[PDB]
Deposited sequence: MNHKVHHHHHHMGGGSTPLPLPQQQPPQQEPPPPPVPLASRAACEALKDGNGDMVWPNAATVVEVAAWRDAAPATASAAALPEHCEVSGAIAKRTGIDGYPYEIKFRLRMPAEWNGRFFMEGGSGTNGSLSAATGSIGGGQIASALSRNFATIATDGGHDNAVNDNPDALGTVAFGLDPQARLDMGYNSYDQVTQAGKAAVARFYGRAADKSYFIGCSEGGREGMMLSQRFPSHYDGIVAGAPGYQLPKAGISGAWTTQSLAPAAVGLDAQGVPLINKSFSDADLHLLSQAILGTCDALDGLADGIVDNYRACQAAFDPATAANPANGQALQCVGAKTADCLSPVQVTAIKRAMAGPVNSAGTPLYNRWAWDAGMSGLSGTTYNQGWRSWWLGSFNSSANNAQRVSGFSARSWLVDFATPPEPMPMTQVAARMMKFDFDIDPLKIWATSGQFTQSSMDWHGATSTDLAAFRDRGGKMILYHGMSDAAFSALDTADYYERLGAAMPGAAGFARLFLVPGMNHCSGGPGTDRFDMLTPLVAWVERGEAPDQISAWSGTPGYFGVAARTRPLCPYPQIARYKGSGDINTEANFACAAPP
């Protein structure tokens, strides 16, 4: 009966603990000794670990579903509560020490937060249907779609805080959430749907319009097929064969030729992304290594993109339209992080989404036959479209941009909400959140090929338009060169939790956020640090000093 102790912990399993959801089943309530740090993780302090699940049930597809959660409460506690976000189609339960993304080694638990994670309402080892594209099969049960969209995050947040109050004898002082990609989508949902849940939110590469991802996939697949060479084993063009890595490298080298010095400093980084988009056209741009146009004047050479190739990538990058020309997603920024050479290793973190690996007799691009393609067909098209795995690439090739995009707005049968309803987080009404003191940091890599950074930018533009002074509670950090959540030739690592707490608890807004490069080899250097700047600002070299050193740069308007 002493608070914050072994006996208080073990007493949480079963009924002296009163859970807010009566269908909470604790499977584990265990005292854990402090654990040492490892090469990939910081030390963990002594704590009560609780895991279990909420709302065990049987879905209409005959499969079991439940909301799993795991929670960690340190014996020596700073008064703060933390939840980490998801990834992909979720379905797995992590260590739940409180990941802060950004390629960070530290966990929130290592900083004496109480921390929690969920699997989002389904389980990849159980919910795996061979007739419904394996692990996207949760899409066959309506309620599992709801838990994946919002309800699992909500159930798990309430369960955590109630255990925190019981264990420590007081409510948490402040609460925080960080997530990227599908995790970024959840933090944006929380600020909109559950504004008192978290005081501080970080949301990277946010899939805030995730049901549109597969529409862009069918589009980029069909856009690249004329440049393909040869067929796969089902008869479908080898989309991966449309550009060798050498070809994509010619592109990004041409983008650097047009765009790199527009920020004032030729450094392999397009800091002035707006000016870059205004200036770069592959059908006219020069290959800076030779005098000549990037696009072949006649026959194809190695220093030379064919007119078929140039036409294809321009169309992929423009974004999908229907027959009326209505934009269905957004366009994509040209940026050097479409390629990248570190040593002899070409950068795949852009390629892998629309093209897949050149060196293969099959298609393996995310948007052609991989997970995003399958996820669309079973999780976001309503009704679901299960099919054998070998028909997926053909189905993106036949995808009809007048018919099939409607299916992310439809309800049908017992699927009573559309995929945009339960998964979309497009709302700019953040007033409840700001007016209890909430603070939000958005980030996003410029050469992300899952979600367009420019579409996060348009979202932030709509937010500040609807809430004047938005920069007093919400700020957006674009990262030139970064791929999806990590990687690529840019400064893709950063501590997002320290500036967030300062903002929430002390009122210090972030005028910049320090960042560094996970792969400085992309520039041939041992390290690069750069200020991330609050949109619309960009990093600006002070005129003197090592270009790889943050302190020589300041956040400023574009020139």
What ranges of the deposited sequence, counted from 1, have no C-alpha atoms in this structure?
1-35, 50-51
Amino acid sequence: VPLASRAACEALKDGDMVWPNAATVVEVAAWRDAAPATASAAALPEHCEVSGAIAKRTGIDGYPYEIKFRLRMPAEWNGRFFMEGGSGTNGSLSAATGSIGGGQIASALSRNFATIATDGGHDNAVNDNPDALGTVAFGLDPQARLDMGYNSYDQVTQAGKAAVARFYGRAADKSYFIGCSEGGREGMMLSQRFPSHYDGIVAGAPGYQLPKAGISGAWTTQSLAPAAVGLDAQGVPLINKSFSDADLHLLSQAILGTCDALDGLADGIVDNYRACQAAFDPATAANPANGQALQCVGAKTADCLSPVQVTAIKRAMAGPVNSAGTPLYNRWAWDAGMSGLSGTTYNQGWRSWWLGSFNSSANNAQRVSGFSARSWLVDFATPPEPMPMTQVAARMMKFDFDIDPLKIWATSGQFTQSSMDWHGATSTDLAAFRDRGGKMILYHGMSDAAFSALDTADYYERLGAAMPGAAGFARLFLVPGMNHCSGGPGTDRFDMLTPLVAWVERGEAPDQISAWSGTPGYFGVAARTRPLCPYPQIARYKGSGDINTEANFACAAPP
From here on, numbers count along this sequence of modelled residues.
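Between two forms, the rigid core is defined as the largest C-alpha subset superposing within 1.5 Å.
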Do the Cα atoms of 290-298 or those of 413-421 sit farther, on average, from the shown form in 7 other deposited structures of this protein after fitting on the core?
290-298
Between 137-145 and 356-364, pick out the one whose C-alpha positions differ more from the shown form in 7 other deposited structures of this protein, using the rigid core for superposition.
356-364
Looking at the other compared entries that model residues on both sides of it, is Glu10 unmodelled in at least a third of them?
no
So, looking at the entry's B-factor column for Cα atoms, which has the higher mean, 93-101 or 296-304?
296-304
Between 308-316 and 204-212, point out the one with the higher average CA B-factor as the PDB entry records it.
308-316
Highest Cα B-factor in the deposition, which of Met148, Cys259, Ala450, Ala474?
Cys259
Peak C-alpha temperature factor (PDB record), options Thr115, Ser191, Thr284, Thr426
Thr284
C-alpha B factor of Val501, ranked within the chain: lowest, middle or highest third?
lowest
Record-listed C-alpha B factor of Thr456: chain third:
lowest
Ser418 - Cα temperature factor, lowest/middle/highest third of chain
lowest
Temperature factor at the Cα of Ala466, chain-ranked in thirds, falls in the middle
Quick check on the deposited entry: does the C-alpha B-factor of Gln537 sit in the lowest, middle or highest third of its chain?
middle
